[PDB]
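First comes one chain, alone, set out as structure tokens in the form deposited in one PDB entry.
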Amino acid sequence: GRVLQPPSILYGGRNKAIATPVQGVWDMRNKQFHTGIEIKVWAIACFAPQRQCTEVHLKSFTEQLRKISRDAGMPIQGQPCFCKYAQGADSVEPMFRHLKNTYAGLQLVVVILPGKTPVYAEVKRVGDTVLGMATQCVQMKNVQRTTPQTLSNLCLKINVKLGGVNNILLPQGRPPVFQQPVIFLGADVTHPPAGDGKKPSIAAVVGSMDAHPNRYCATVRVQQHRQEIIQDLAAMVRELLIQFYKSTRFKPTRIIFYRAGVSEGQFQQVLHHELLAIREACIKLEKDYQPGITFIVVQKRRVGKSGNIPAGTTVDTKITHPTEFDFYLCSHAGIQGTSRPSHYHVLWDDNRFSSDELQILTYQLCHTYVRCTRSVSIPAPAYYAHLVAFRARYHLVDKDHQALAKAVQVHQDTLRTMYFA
């Protein structure tokens, strides 16, 4: 159970501070964002009732959020140009298309949601596919009784939804594989509630762009009922590779794959299909174009108040397969309950990797998750695959067959935007 050193997280701003995570979580005090966005225009969308969420309390939340953000290196310049109340899921598309066609260069819409409602599903469906926006929805309990960590997490998600980098790793502390170009992919499938013959399954992959890996793009399609494999995975990887070359202008050499949402009992069939699928992904672009292929499937399955595993523990043997390159990583502290050391499986190893380098890469990727200043259980790309699969699940909702992947196809503006996080 080797606890790897957490990455000395590189922040920016006037100080260029470096955050060292202590016990798996680092504070955001006196740390400006590395690539923070000067937020030109932003919007406030209240769906909570005015009885239980007042204008003065919303303005207090806006002011204190702006203070936390200015301390965070992501400045919001002035009061929001849009601050409207609303209600109902059916009143989302007209209001969103009203706010798009009023403020040019619109960046972020903050949406206030009283708990669980179809308003979240319609808000995400309008923002990510129909119109092409970036939104940040938060509950009512976090806009009157707010904490510094709540506003910090809000600012963390807002900074990454708007094209910037919250925090790079150390370029001197990054693993040596970044000496050559790399791309990191993450895949996940969402199945509907069973007995739904008309509701299909969702296959979603995401891919990293830059050599300072904090930016991802998505590609999602719709597949048949209860299918744990992707048919057109090769087209997904090819489109992601094209987008890599288009947005970064340097030729990739390595390929990493982080498969998620796959049952344990039938790993061999999924391996057999998707490995060959990534192979025809590589050989259907140019002759002799072979990157180093590796396939890692990851499956979400003292210290602190709860007394749990410190964030960063790596297990390489004694519970693992001898010949197969599989290992466990527990990279999240136990806030309440127990922490679950994640399982990681690599059979395709032509990417030729040392072990310790590979769990260092996955641990720094876990730290690269942008929605919290703490390491998370499974890496950032497979998280973003999970949230984009759940996002397409919110996209395929009411308020065909497999010709409904026009409803899970992301807009052109948002196809670059890290909207799922």
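Heads up: residue numbers just count along the shown sequence, starting at 1. If you superpose the two forms and keep the largest set of C-alpha atoms that fall within 1.5 Å, you have the rigid core.
A chain break between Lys399 and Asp400 is present, corresponding to 10 or more residues of the deposited sequence without coordinates. In the deposited entry, the stretch joining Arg301 to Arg302 is interrupted by 10 or more residues of the deposited sequence lacking coordinates.
Keep in mind the form deposited in another entry is missing from the figure; the text below concerns it.
No residue of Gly164, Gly312, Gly261, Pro175 other than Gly312 has its CA displaced by 2 Å or more between this form and the one not shown when the core is superposed. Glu324 is among the residues whose C-alpha shifts by 2 Å or more between this form and the one not shown once the rigid core is aligned. Comparing the forms between this form and the one not shown on their rigid core, the Cα displacement of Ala277 reaches 2 Å or more.
Positional change of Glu286 between this form and the one not shown reaches 2 Å or more at the C-alpha, relative to the superposed core.
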